[PDB]
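Reading through the structure tokens given below for one structure.
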Amino acid sequence: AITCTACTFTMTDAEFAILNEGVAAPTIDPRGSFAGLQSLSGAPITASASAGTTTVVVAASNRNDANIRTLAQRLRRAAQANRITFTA
Amino acid sequence: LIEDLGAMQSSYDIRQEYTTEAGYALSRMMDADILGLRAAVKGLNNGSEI
Amino acid sequence: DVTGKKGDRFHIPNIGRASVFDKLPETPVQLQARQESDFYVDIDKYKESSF
Amino acid sequence: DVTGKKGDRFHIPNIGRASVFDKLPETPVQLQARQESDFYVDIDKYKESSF
Amino acid sequence: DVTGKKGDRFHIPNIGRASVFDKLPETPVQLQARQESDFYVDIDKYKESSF
Amino acid sequence: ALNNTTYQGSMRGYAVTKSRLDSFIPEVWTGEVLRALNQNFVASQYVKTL
């Protein structure tokens, strides 16, 4: 009965566009770093924009350990490759 | 185009997979273009459509 | 079989499908890159029968 | 064919099926033992026709 | 030196300090187990000088 | 039954289980790849090829 209730990451629009291959918040570019997550029910990763801030979360029924680990790994790799700071 | 960094860090032969997939995609494109002539057959209007 | 392999999780990357584009005169080719997924399998069942 | 045998009861033990249990951390294996029943058959019919 | 090694991240497990007990007569030994951390180092700097 | 609690046991302390060896158990990339299924490509054989 172990569940993950929140896996949320916060970014700015510029950095998200850098890591989404220049595509804006609402959709996920297939060539970007947010594509390839395993889909248990629909889109595993969703992104929203508000006041210049982009929120990237794992979907409600896709929050298994593998998706969380892959998202964290891809965020770290993209930040290091693109000289972005992954603050704790 | 395959970067040197990803090629040396990866434990797989990225170039071979990409080359094989490129060949497969080209064959698929040839056959899809051949099968797209059904539209031309439909456009003849000589009674070849059922 | 992974008898003797040191590890509990095993990964097998997925291979996608490439694109085909028209080659126009005096225009460079278009390079494709795909973000691939992976498959993972764990060692999670350890069963015993003893007497 | 017990024409050459001497007893009146004949016993055949039954064997059940073993169980499979998950081996949990820091827990000893569960030892399994079954108290089995036996199938016994008698020589109880002695029939005759006389004239 | 991981020039002949593949992967971006490299792991080095940490080893803790063990305890020494007295081994009293007619008393079994105390078994010890520790949850150890790990040290991860990433390959992240790619520098170039061209002419 | 082996449920008598009047005898002295021989296990004390903690055991080194595979949940305490988390930092020591790695993830393995065996070198095998999962490739998508190939389609049947028969279209250039039923046309007049020059």
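Every chain in the structure tokens takes a letter, A first, then B, and so on in the order presented; its residues are numbered from 1, and the ligands are numbered from 1 following the presented order.
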
*Near chain D, which residues of chain C fall within 10 Å when you count only C-alpha atoms, and what do they look like as a PyMOL selection string?*
chain C and resi 45-51

Requested write-out: N, CA, C and O atoms of the selected residues, as a PDB file, in the first residue's frame:
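That gives us result04.pdb:
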```pdb
ATOM      1  N   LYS C  45      11.041 -12.504  -6.590  1.00  0.00           N
ATOM      2  CA  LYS C  45      10.400 -13.675  -6.007  1.00  0.00           C
ATOM      3  C   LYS C  45      11.464 -14.632  -5.490  1.00  0.00           C
ATOM      4  O   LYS C  45      12.343 -15.064  -6.246  1.00  0.00           O
ATOM      5  N   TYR C  46      11.373 -14.956  -4.200  1.00  0.00           N
ATOM      6  CA  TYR C  46      12.316 -15.837  -3.511  1.00  0.00           C
ATOM      7  C   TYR C  46      11.464 -16.829  -2.726  1.00  0.00           C
ATOM      8  O   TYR C  46      10.937 -16.489  -1.664  1.00  0.00           O
ATOM      9  N   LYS C  47      11.326 -18.045  -3.246  1.00  0.00           N
ATOM     10  CA  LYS C  47      10.412 -19.021  -2.674  1.00  0.00           C
ATOM     11  C   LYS C  47      11.181 -20.227  -2.155  1.00  0.00           C
ATOM     12  O   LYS C  47      12.270 -20.543  -2.640  1.00  0.00           O
ATOM     13  N   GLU C  48      10.602 -20.899  -1.161  1.00  0.00           N
ATOM     14  CA  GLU C  48      11.280 -22.007  -0.506  1.00  0.00           C
ATOM     15  C   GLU C  48      10.269 -23.016   0.020  1.00  0.00           C
ATOM     16  O   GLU C  48       9.151 -22.667   0.405  1.00  0.00           O
ATOM     17  N   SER C  49      10.688 -24.281   0.027  1.00  0.00           N
ATOM     18  CA  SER C  49       9.945 -25.368   0.652  1.00  0.00           C
ATOM     19  C   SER C  49      10.941 -26.275   1.358  1.00  0.00           C
ATOM     20  O   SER C  49      11.845 -26.823   0.723  1.00  0.00           O
ATOM     21  N   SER C  50      10.764 -26.439   2.666  1.00  0.00           N
ATOM     22  CA  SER C  50      11.760 -27.118   3.485  1.00  0.00           C
ATOM     23  C   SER C  50      11.072 -28.066   4.452  1.00  0.00           C
ATOM     24  O   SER C  50       9.885 -27.899   4.746  1.00  0.00           O
ATOM     25  N   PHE C  51      11.816 -29.057   4.940  1.00  0.00           N
ATOM     26  CA  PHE C  51      11.298 -30.013   5.909  1.00  0.00           C
ATOM     27  C   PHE C  51      12.434 -30.548   6.766  1.00  0.00           C
ATOM     28  O   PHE C  51      13.565 -30.681   6.291  1.00  0.00           O
TER      29      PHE C  51
END
```

Could you give me, as CSV, every chain B residue with an atom at most 12 Å from chain C, plus its closest atom pair and distance in Å to one decimal, counting only C-alpha atoms, rows ordered by chain then number?
```
residue,atom,partner,partner_atom,distance
B:1,CA,C:31,CA,6.3
B:2,CA,C:33,CA,8.7
B:3,CA,C:33,CA,11.0
B:10,CA,C:13,CA,11.4
B:11,CA,C:13,CA,10.9
B:12,CA,C:13,CA,9.4
B:13,CA,C:13,CA,11.7
B:14,CA,C:15,CA,9.9
B:15,CA,C:33,CA,11.7
B:16,CA,C:15,CA,11.5
B:17,CA,C:15,CA,7.7
B:18,CA,C:18,CA,7.9
B:19,CA,C:18,CA,9.5
B:20,CA,C:18,CA,9.6
B:21,CA,C:18,CA,5.9
B:22,CA,C:18,CA,5.9
B:23,CA,C:18,CA,9.0
B:24,CA,C:18,CA,8.2
B:25,CA,C:18,CA,5.8
B:26,CA,C:20,CA,6.4
B:27,CA,C:20,CA,9.8
B:28,CA,C:20,CA,9.1
B:29,CA,C:20,CA,7.0
B:30,CA,C:20,CA,10.0
B:32,CA,C:20,CA,11.4
B:33,CA,C:20,CA,11.7
```

Please write the residues from the selection above to a file, keeping N, CA, C and O atoms, as a short mmCIF file (atom, residue, chain, number, x, y, z; two decimals), in the first residue's frame.
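To be explicit, this is the file written out as part29.cif:
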```cif
data_model
loop_
_atom_site.label_atom_id
_atom_site.label_comp_id
_atom_site.auth_asym_id
_atom_site.auth_seq_id
_atom_site.Cartn_x
_atom_site.Cartn_y
_atom_site.Cartn_z
N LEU B 1 23.52 12.14 -36.93
CA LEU B 1 24.83 12.51 -36.40
C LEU B 1 24.92 12.02 -34.96
O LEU B 1 24.07 12.35 -34.13
N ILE B 2 25.95 11.23 -34.67
CA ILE B 2 26.16 10.63 -33.36
C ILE B 2 27.35 11.31 -32.71
O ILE B 2 28.45 11.32 -33.28
N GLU B 3 27.13 11.88 -31.53
CA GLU B 3 28.18 12.56 -30.79
C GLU B 3 29.20 11.57 -30.25
O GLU B 3 28.88 10.41 -29.98
N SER B 10 28.05 5.31 -23.83
CA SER B 10 27.06 4.26 -23.97
C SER B 10 27.73 2.90 -24.12
O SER B 10 28.79 2.77 -24.74
N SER B 11 27.10 1.88 -23.54
CA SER B 11 27.60 0.51 -23.61
C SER B 11 27.07 -0.25 -24.81
O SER B 11 27.37 -1.44 -24.96
N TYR B 12 26.30 0.40 -25.68
CA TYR B 12 25.71 -0.22 -26.85
C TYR B 12 26.31 0.38 -28.12
O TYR B 12 26.93 1.44 -28.10
N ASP B 13 26.10 -0.33 -29.23
CA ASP B 13 26.54 0.14 -30.54
C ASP B 13 25.42 0.98 -31.13
O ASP B 13 24.57 0.49 -31.87
N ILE B 14 25.44 2.28 -30.81
CA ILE B 14 24.38 3.17 -31.26
C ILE B 14 24.39 3.30 -32.78
O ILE B 14 23.33 3.33 -33.42
N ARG B 15 25.58 3.38 -33.37
CA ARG B 15 25.69 3.59 -34.81
C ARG B 15 25.08 2.44 -35.59
O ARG B 15 24.40 2.66 -36.60
N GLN B 16 25.31 1.20 -35.15
CA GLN B 16 24.77 0.06 -35.88
C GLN B 16 23.25 0.03 -35.83
O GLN B 16 22.59 -0.22 -36.85
N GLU B 17 22.67 0.29 -34.65
CA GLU B 17 21.21 0.33 -34.55
C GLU B 17 20.63 1.43 -35.42
O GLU B 17 19.64 1.21 -36.13
N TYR B 18 21.25 2.61 -35.40
CA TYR B 18 20.74 3.71 -36.20
C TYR B 18 20.85 3.42 -37.70
O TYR B 18 19.94 3.74 -38.46
N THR B 19 21.95 2.79 -38.13
CA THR B 19 22.11 2.45 -39.54
C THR B 19 21.08 1.42 -39.98
O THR B 19 20.45 1.57 -41.05
N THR B 20 20.89 0.37 -39.18
CA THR B 20 19.91 -0.65 -39.53
C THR B 20 18.51 -0.04 -39.60
O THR B 20 17.73 -0.35 -40.52
N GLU B 21 18.18 0.83 -38.65
CA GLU B 21 16.88 1.47 -38.66
C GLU B 21 16.72 2.40 -39.86
O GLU B 21 15.62 2.50 -40.43
N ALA B 22 17.78 3.09 -40.26
CA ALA B 22 17.70 3.94 -41.45
C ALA B 22 17.40 3.12 -42.69
O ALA B 22 16.56 3.50 -43.52
N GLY B 23 18.08 1.97 -42.84
CA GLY B 23 17.79 1.10 -43.97
C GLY B 23 16.36 0.59 -43.96
O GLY B 23 15.67 0.59 -44.99
N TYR B 24 15.89 0.15 -42.79
CA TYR B 24 14.51 -0.30 -42.67
C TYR B 24 13.53 0.81 -43.03
O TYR B 24 12.53 0.56 -43.72
N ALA B 25 13.79 2.03 -42.58
CA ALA B 25 12.89 3.14 -42.86
C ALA B 25 12.86 3.46 -44.35
O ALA B 25 11.80 3.78 -44.90
N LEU B 26 14.01 3.37 -45.02
CA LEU B 26 14.02 3.62 -46.46
C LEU B 26 13.22 2.56 -47.21
O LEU B 26 12.46 2.89 -48.14
N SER B 27 13.37 1.29 -46.83
CA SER B 27 12.56 0.25 -47.47
C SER B 27 11.07 0.47 -47.22
O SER B 27 10.24 0.31 -48.13
N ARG B 28 10.72 0.84 -45.99
CA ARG B 28 9.33 1.13 -45.65
C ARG B 28 8.79 2.28 -46.49
O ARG B 28 7.64 2.23 -46.94
N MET B 29 9.60 3.32 -46.70
CA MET B 29 9.16 4.45 -47.51
C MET B 29 8.94 4.03 -48.96
O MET B 29 7.95 4.44 -49.58
N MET B 30 9.84 3.21 -49.52
CA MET B 30 9.62 2.72 -50.87
C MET B 30 8.29 1.99 -50.99
O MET B 30 7.49 2.26 -51.89
N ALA B 32 5.64 2.04 -49.00
CA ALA B 32 4.49 2.91 -48.75
C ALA B 32 4.20 3.79 -49.95
O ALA B 32 3.03 4.04 -50.27
N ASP B 33 5.24 4.28 -50.63
CA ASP B 33 5.02 5.06 -51.84
C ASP B 33 4.41 4.20 -52.94
O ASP B 33 3.58 4.68 -53.72
#
```

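Copy-to-copy comparison places chain D at a Cα RMSD of 1.5 Å from chain C, following a least-squares fit over all residues.
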
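Taking atom CA of residue C:14 and atom CA of residue A:84 as endpoints, the distance between them is 27.7 Å.
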
Which neighbours of residue F:41 fall inside 7 Å, counting only C-alpha atoms, when residues of the same chain fewer than 2 positions from it are skipped, and could you give them as an mmCIF file with C-alpha atoms, in the first residue's frame?
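Below is the file selection-v5.cif, written as the result:
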```
data_model
loop_
_atom_site.group_PDB
_atom_site.id
_atom_site.type_symbol
_atom_site.label_atom_id
_atom_site.label_comp_id
_atom_site.auth_asym_id
_atom_site.auth_seq_id
_atom_site.Cartn_x
_atom_site.Cartn_y
_atom_site.Cartn_z
ATOM 1 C CA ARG B 28 9.333 1.130 -45.651
ATOM 2 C CA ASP B 31 6.817 0.259 -50.194
ATOM 3 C CA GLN F 39 6.481 -5.093 -40.966
ATOM 4 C CA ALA F 43 5.205 -3.980 -52.702
#
```
